[PDB]
Amino acid sequence: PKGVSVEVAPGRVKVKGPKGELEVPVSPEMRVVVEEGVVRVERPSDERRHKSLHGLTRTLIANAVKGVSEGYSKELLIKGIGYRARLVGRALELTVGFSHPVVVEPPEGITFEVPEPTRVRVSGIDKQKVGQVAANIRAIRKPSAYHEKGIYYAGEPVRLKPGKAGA
Amino acid sequence: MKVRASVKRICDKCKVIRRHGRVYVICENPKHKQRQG
Amino acid sequence: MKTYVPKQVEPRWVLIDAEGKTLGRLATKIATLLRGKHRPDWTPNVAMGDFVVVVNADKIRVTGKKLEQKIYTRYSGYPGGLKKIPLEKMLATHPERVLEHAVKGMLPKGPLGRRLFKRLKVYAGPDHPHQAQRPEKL
Amino acid sequence: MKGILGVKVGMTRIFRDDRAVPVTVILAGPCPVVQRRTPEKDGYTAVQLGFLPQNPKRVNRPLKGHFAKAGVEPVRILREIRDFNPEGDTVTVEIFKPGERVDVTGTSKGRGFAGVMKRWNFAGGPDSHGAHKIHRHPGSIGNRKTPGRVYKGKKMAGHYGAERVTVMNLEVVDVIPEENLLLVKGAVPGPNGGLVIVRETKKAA
RNA sequence: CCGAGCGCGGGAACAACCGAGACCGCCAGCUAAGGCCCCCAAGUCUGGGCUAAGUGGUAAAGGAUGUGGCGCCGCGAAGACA
RNA sequence: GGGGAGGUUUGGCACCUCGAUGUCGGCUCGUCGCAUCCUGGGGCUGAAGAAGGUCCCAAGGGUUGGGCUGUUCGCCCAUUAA
RNA sequence: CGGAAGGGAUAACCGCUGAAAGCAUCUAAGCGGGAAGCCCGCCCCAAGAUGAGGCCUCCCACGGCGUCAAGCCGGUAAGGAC
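Engineer: I would appreciate a short explanation of the sheet that holds strand 1 (residues 13–16) of chain C in the present structure.
Structural biologist: Within a sheet, adjacent strands bond to each other through the backbone by hydrogen bonds, running parallel or antiparallel. Residue and element names in this part refer to chain C. Spatially, 1-2-5 is the arrangement adopted by the three strands of the open sheet, whose pairing is parallel. Both outer strands of the open sheet, strand 1 and strand 5 (120–122), are each paired with one neighbouring strand and no more. Each adjacent strand pair in this sheet contributes to an overall mean axis angle of 15 degrees, direction not counted. In terms of strand pairing, strand 1 meets strand 2 (residues 51–54) through four bridges, oriented parallel. The residue of strand 2 that forms the bridge with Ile16 is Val54.

Given below as structure tokens:
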């Protein structure tokens, strides 16, 4: 956590980065402190719920920091045929297996950006709400449909028999 | 399979994951897709 | 001798917080006061137990999964007239109700048992009609 | 969401367009706006609306000739449009332009105590084969021993008349300010020449 | 045991489950069963264990990386689980 | 081959009712139940699509008209998203 | 003409960042989608909502016994009724 900007509040460790700030509030349980320069976190005890919280949370904020330290690596590879991804002005006008163009709009806190129509890119400045939108588009046009055709993160398609298996 | 009182780990690549309260048996193939119901 | 019966004493008013408190446990206390069980000369057939103005009942604490679990019910004489509402929605829309329901059931059923319910005003605030005395309690 | 008061007249079928249209007419006419109602001293947003002028000795006392603008009362007194904050002056008819659809409230005429068939609707039956005893009759009501009671509101014979209804999605294709009329798709509840308010319709807002 | 004890207190309500043989009165005291946050009378007593389902608040063969504790047998600082 | 549930069928019991508790179906009027016929949705598929097979959630509203039989049952006719 | 369109919370289920248990997870912290179904949005009742509410106004004292305490009695004002 070098050029970061953490901030200990009661149960809400606020953190600024080169892009913007993020508040990541978690249960006060355990201990949330900025010491020496890097941030630490430590369970109150060896209690199941607590241990869980300790790990989960410590890593949550650990990403929260590296989130404003730019954690955006998320982009969709649209495969298939007549599937073009455009970007006019602010909105993204991709055109999949659907009978109409797919119209998405970069909301507050994150940005998309479509280089070429075969693959959308998304600079996400919020690791949480990020994969949610990755999944937004992936689940907007689900791929693999038996043989192929659709929207892949990059996840190697599992097949199934094409012009067959239907008696 | 898919929803039945006797849920197994069948092909070892399946797991028991006590999600949302009740038991499921998840894997890769959704054919093994049991559930404690 | 012959047991003594109180004269027409002057009803004493009282104010209670609410927030952070436990629903049942709270009412638990309210009731015993709506009657004279706290006063040394409690009498069964009379009604002389303090009036109780409770503030911001909109923030009462409740254990377990009540919030999502606990379901209140009302039945209109009509077929399929059962109407059940979750403690969760009772707070949102007019929550001063929860505390009342909780208490009403914790008071006698007879005529005066409702008479004493009248002695209790609950507000989703705080804030009351600053009528008089009203010494806050704990 | 605006409105206008009104009295009923006309019904025909005027060959507008080229096709036929059942034409219910209403005289909105000079229907006053006398007093608004604001949140804190009321709890909503409404206005009071009068109607036809003939009122001298038989009315008197408070009038609301008081109010803050007199004008005297109608004779058909006044009602109330919620969510409507006008401009000021007594509102005529043209509030609604031809080409819009609207809601409308009014009393239904009175058919009083009727026979269950002509009420909710049952059936009756045995006009011949069975008995003559139970022609226009409800037959049965509840179950045998349990419940052993008569269902709350299980449809029964009785009144079906002096009520009131609000109809939605009627269509006005004319409005004559020259004598204060409103020409709509005929569906007009109530009799020819009584109480009827018009308000804006609802579809998607 | 009732019946003959639908006389009494528990059992929410209940001849015969538990308590307990009513001559009569009393605005007196110990107590049974059962109980003690409030109905309704008495500990929101003391102290320490378990559970997260409203389990309590009425179900089995049977099923599981639920949680608490316990026992066994390798692996491992020669360096392991992943 | 084992374990349960439901209380519609078919029974074992003989406690309310022999100084009366009118037994079949159809007309009329229903209301509720869900282990759902249809209509929403989703998971699986020995599912290309079409359509189907199966399970899980879901009663909002709907569940048609005739032939025959006193017959509820059922068979048939014309249909229906059913 | 009515079902609606739209809003809100969700099931089954589909998802995101994420641990305990260095990997994995749709979850134990948090967020999203998601049903003719739940709450509303609609129509009607409806303040005996004994709690009898709110608003716009409108009329008004001593007239005879209650001096001090609530009544009681006769015609009037807004009016109401026959």
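Engineer: Can you walk me through the side chain of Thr57 of chain A in this structure?
Structural biologist: Along the chain, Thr57 of chain A falls in helix 1 (residues 48–68). Each residue touching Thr57 of chain A, except ones within four places of it in the same chain, is listed here: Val26 and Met30 of chain A.

Engineer: Hey, could you run me through the pairing of strand 7 (residues 101–107) of chain D in this one?
Structural biologist: Within a regular strand, the side chains alternate between the two sheet faces. Residue and element names in this part refer to chain D. The element strand 7 is largely enclosed, with a buried count of five among its seven residues. One ladder, built from six bridges, connects strand 7 with strand 10 (residues 164–176); its direction is antiparallel. Along strand 10, the bridge assignment pairs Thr107 with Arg164. Inspection of the sheet shows strand 7 paired to strand 12 (residues 196–200) by five bridges, in the antiparallel sense. Bridging from a neighbouring strand, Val104 pairs with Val198 of strand 12.

Engineer: Mind showing me how you'd approach the pattern of salt bridges here?
Structural biologist: Where charged atoms of side chains with opposite charge meet at close range, the side chains can pair. Inspection of every chain in the model, using the stated rule, returns 13 salt bridges over all chains. One salt bridge connects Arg43 of chain A with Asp46 of chain A, and the closest N-O pair in it is separated by 3.1 Å. A relative accessible area of 56% places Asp46 of chain A in the exposed class. Two residues, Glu171 of chain D and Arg101 of chain D, come together in a salt bridge whose shortest N-O distance is 2.9 Å. Taken together, the positions of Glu171 of chain D in strand 10 and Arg101 of chain D in strand 7 put the pair 70 residues apart, joining distant regions of the chain. The exposure class assigned to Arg101 of chain D is partly exposed, which follows from its relative accessible area of 38%. Here the salt bridges do not stand alone but share partners, grouping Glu42, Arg43 and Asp46 of chain A into one network.

So, how was this worked out
Residues numbered from 1 in each chain as written, not as in the entry; some residues may be left out. Chains lettered and ligands numbered in written order. Part of a larger assembly, values for the part shown. Heavy atoms only, no water. Pairing = 2+ DSSP bridges. Helix = DSSP H or I, 4+ residues; strand = E, 2+ residues; numbered from the N terminus. Axes fitted to C-alpha atoms, helices over the stretch in contact; angles between N-to-C directions. Contact = heavy atoms within 4.5 Å. Buried < 20%, exposed > 50% of the residue type's maximum accessible area, 1.4 Å probe, protein only. Salt bridge = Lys/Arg side-chain N within 4 Å of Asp/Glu carboxyl O.

As far as function goes, none of this settles anything; it's purely spatial.
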